[PDB]
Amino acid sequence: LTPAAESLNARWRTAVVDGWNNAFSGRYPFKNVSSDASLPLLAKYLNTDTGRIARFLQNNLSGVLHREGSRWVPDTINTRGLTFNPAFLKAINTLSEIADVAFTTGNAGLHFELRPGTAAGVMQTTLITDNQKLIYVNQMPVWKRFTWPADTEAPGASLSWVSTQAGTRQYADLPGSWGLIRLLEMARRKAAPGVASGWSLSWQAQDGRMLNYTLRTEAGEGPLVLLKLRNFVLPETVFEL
């Protein structure tokens, strides 16, 4: 690589990658472990305009990488001694989409809705996220609005159900600020056909019954966007051979 390309890769590692790795290695959602990544620290890195990443891109790559809405669009034409690493472009666009959806205020925060679904052998369901409760009884579904994160002394998410043949059983109890994200990960997820900004969620309970819900988002994938951080790696280079 040229020394301009090389010193830019080195600046990228020292100014951004090393401290991202120190802050988020061996932490949920990056790794499926009990220890949680700090949401305010994650905001300090990926914030749309003030984030450490956005500031690095603006200070060092303003001539070859440009903003277009929530996207970063490359332009290495006329800079023939530079070819972007595709993993770099993909990583920054993944983080920009997460920031656009979940960090609009400069901190973690979004709103979404849930509607309890129906399934054979399921009489009642209870979903809780950050002390916000959705209790489904009498085959009477309602859309309920939720905040994530929500201020509470009990952060986390839980899911329980009453089958037609047994008393209440607990599906999962996931404490901490990422509780909702940990719960969503366990569901079978897909676009809900015929539901605007809708996603079907289906948790296979311990008795084999399906715990169904519809998620409705305000922008993009809503809270599902945070699942893009599962096994996410910030690349060590901006430019490649």
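When you see a residue number, it is the position in the sequence shown, counting from 1.
Judged by mean Cα B factor in the deposited record, 79 to 87 ranks above the other of 96 to 104 and 79 to 87. Between 69 to 77 and 143 to 151, it is 69 to 77 that carries the larger average Cα temperature factor according to the deposited entry. Among the modelled residues of its chain, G208 has a C-alpha B-factor that falls in the highest third, as given in the PDB entry.
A15: CA B factor in the highest third of modelled residues in this chain (values from the PDB entry). Residue-level temperature factors show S177 in the middle third of its chain, judged at the C-alpha atom. Among all modelled residues in its chain, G63 ranks in the highest third by Cα B-factor. Annotation for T129: C-alpha temperature factor in the lowest third relative to the rest of the modelled chain, per the entry.
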